[PDB]
Amino acid sequence: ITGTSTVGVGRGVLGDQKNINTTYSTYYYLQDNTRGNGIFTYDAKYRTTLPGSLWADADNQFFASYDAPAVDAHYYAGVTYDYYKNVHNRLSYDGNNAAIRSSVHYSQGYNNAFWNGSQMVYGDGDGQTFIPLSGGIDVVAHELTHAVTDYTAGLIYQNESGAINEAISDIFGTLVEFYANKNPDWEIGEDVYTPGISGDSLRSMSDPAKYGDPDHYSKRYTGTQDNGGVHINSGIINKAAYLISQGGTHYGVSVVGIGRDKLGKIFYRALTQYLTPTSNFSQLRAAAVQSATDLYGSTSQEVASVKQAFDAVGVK
Ligand SMILES: [Ca+2]
Ligand SMILES: [Ca+2]
Ligand SMILES: [Ca+2]
Ligand SMILES: [Ca+2]
Ligand SMILES: [Zn+2]
């Protein structure tokens, strides 16, 4: 809608207070005009028709329980917008400031979130396995990053290309988390996962095997489940990215870490300039080596570490 740009206040899923960019026209809407062609959040009202209703509030204050997922989907979309623009000089997910839209309160007890080709969708969780998934900034940035992949490399959501797709979403999810720098880690979804159990996570990049995911190519899954294991074999690439950033010795292979920022520069370049819809793990290593080479030179530590990292996950 057309309206006056305002700033509201409320708290998130985790009970934290934050300010949000709203739009005033009789009601206050969760529409942020300060980033690109807008960030828009909607109420799916526990149903599954999308996107639902543009979120409207009478007084611009968002402290109801019902408000919380909305507040966070809105806010972390903006943080995710800010990462791509400031860090990668990318304007929204399509690179031309496309409107970002999210729907929350999707279905009943929906233990998931996703990108559906046009927008982000977040369930509320069943309150046991999950709380409203928008509470995790790594979850939000994972979702939007799927959007980024779909407009760039277009990695098909199956087999190795699919695991690459997922891994990219986990890698940038994580980088954005470190970027907002609120308790960041190399784990996935911990803020909104299993409310009753501290310390766990949906997935781990540092040690994917923690949750039954492979950290070596020889342990790769090749059944037909989970689209040929896009959420399973992603661990092999996640581990690799973890290693490039952080370093370590994995199955006897030592990797010199080069930190988060260069990891992000190297994978963003691979994603946008080298990867394609059918790239496999092998092509990804080549893409990453070329990227690192592009960025730091053929004889750099960066190229070397990239190689070490894929070597360690058994990817040639
Ligand atoms: Ca209100
Ligand atoms: Ca965290
Ligand atoms: Ca995390
Ligand atoms: Ca938990
Ligand atoms: Zn995903």
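Our numbering is plain: 1 for the first residue shown, then up by one each step along the chain.
How was it done? The header gives X-ray crystallography, 2.0 Å.
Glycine too: its Cβ is placed from the backbone N, Cα and C atoms.
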Further Zn(2+) ligand in Swiss-Prot, beside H142, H146, within candidate set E160, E166
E166
Given Swiss-Prot annotates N183, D185, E190 as Ca(2+) 3-binding, which of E143, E177 belongs to that site as well?
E177
Where Swiss-Prot shows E177, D185, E187, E190 binding Ca(2+) 2, which of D138, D150, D215, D226 is named for the same site?
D138
About how far apart, in whole Å, are the alpha carbons (Cα) of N183 (Ca(2+) 3 binding site) and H146 (Zn(2+) binding site)?
23
Recorded positions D57, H142, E143, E166, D185, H231: those with Cβ under 6 Å from an atom of ligand 2 are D185
With neighbours defined as other CB atoms within 10 A, the best-packed of the binding-site residues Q61, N183, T194 is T194
Tell me, by DSSP, whether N183 (Ca(2+) 3 binding site) is helix, strand or coil?
coil
Please report the three-state DSSP label of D57 (Ca(2+) 1 binding site).
strand
Cβ neighbour count within 10 Å of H146 (Zn(2+) binding site):
23
